[PDB]
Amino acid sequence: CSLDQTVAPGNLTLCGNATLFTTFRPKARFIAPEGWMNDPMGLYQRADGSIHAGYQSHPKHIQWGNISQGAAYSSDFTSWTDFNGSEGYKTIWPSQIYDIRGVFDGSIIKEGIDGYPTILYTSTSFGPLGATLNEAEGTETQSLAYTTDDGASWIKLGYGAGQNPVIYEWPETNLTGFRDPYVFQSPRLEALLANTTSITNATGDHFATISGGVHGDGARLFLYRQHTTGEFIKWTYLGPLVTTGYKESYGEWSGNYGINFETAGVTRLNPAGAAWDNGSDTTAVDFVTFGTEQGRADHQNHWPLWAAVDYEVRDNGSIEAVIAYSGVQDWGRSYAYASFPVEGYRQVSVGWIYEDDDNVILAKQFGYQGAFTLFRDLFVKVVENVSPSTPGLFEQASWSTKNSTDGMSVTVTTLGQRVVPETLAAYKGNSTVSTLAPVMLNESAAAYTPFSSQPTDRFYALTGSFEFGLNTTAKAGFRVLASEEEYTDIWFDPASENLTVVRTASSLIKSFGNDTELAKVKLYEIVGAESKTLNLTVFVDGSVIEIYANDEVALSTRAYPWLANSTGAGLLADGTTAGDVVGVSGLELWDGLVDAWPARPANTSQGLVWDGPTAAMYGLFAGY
């Protein structure tokens, strides 16, 4: 096993455990110290203003199993500190008959048991578990734990009658899943249900959704309401909040609703961030975010989606969330977005970026799998003075349109996502910033033009504004992680409305994914404008490439170039001419970003272990 990154890669499958630990590893984002991680969980702003972030964790393994909550905290979403207790960085683990198969996702009641922060989590036990298997009641239940030390440790309620698990009866028969409880307060839902509380006797100030579906009949989000304020044992099932069809699709802009929902949440946003009104704010919009499974041929059969909804009150004192329009939270190799409230009327979302090693060829050599996305402020994105001649504008697929009185302009509303400003400020301030001269891409543009300043390593951000003619057939974008022999190409093609990441040349290592990523981007043309603009921000962090367009479209993916000098970046141009010119301005390179884990050494591997021959006898976990 040679680690010589100045020559072609050898047979890296011969390398020892964690020998490639630092080679591709993100340094500027949330990631476990080592081993397997997946979904964010247990997210809350603590009383001291810091952020507590949990995550699905399997230390010293590179596949899922014994799933536990790993945890850390930060004052700025950007620089993190691990918890360190009797179980290292874990703070909740399988320990009881009701959760021995795994401590799945959960969410926080900020003032719960005895006034302490409280997690409601999916406690799993034995039996077939999955949307494509014949799951039975009891395999997935919902349980409580609380913390008296701000997340350093959690105390589970006792096992038994009137204690854990607190939710165990299936609300409908033949579920595909019953997990990922999302607890939230909602002045809006309280106001809508206030006339019906005699029907259900549920009058608490917390709601919870549970994610799942019904065999042969599509996904379901189930809505519960806390039976009594200040009491956390009894949760009353109201009814299904979101009902979608078996592999139903709202279309090209909206992914596919698959057969089962995972990690669903409910929020209410306005142009500034989180909205806490009862329905009185005419600028606020109700949103559901949710993962779907088995409605996609690739990306692990997983869509991370969102929908704007209009609530209707049913005669049985429940809520129907009718989908108004429906979009995609991230078009790439990410899933399991969680959102949580943050002081200053913010709703912050973060997801998991999986690797692109689906055959598990170099996972042991890495010694880890998975990272988070960046933390994103959610808000209602409003575009004013939109031209009615914007192609496809009135399909209203993943946006709403509202005509002016005179019908000559349109207000566009959609979900906005932007990186939290604390992270952008820390990244810029710690980086070597190069402000680049604006560039017209015309008949003289090479296919690839390196920037006048180059990154020094695999940790940088790029920004640019790409101005196109209304009738362009030109393509432009960014090349990143680039040498002569390895590179990753980020293209926008306004004529097709497609943002692509071409990875045919991303790496000389053949075992990593090399499929083209694709997002749809609608350029809302402005009344009076003779051009249309793409604002593109790209984060490069080890192997992560995380793309943001127009504070709306996000695409996370992975690139694993072998060569030490595959770090370069620049502009891409295709079909640019004297007539079809792409104007590039606001160009900046941030070289270096931030060390997100300053207390951690470069190599936090503790080695890998095998569960031994019993792993196959129990049949629950891969065992490695």
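Residue numbers here begin at 1 and follow the sequence given.
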item	value
Residue stretch of maximal mean CA temperature factor, 610 to 618 vs 8 to 16	8 to 16
375 to 383 set against 517 to 525, stretch whose average Cα temperature factor tops the other in the entry	517 to 525
Selection by C-alpha B-factor (highest) of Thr173, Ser143, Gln226, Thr78	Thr173
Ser507, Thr148, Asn278, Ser95, ranked by C-alpha B-factor: the highest one	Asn278
Modelled-residue ranking by C-alpha temperature factor, third containing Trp235	middle
Chain-wide C-alpha B factor ranking for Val594, given as lowest, middle or highest third	middle
Third of chain Cα B-factors occupied by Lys156	lowest
Where the record places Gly273 (Cα B-factor, split into thirds across the chain)	middle
CA B-factor placement of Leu499, once the chain's modelled residues are sorted into thirds	middle
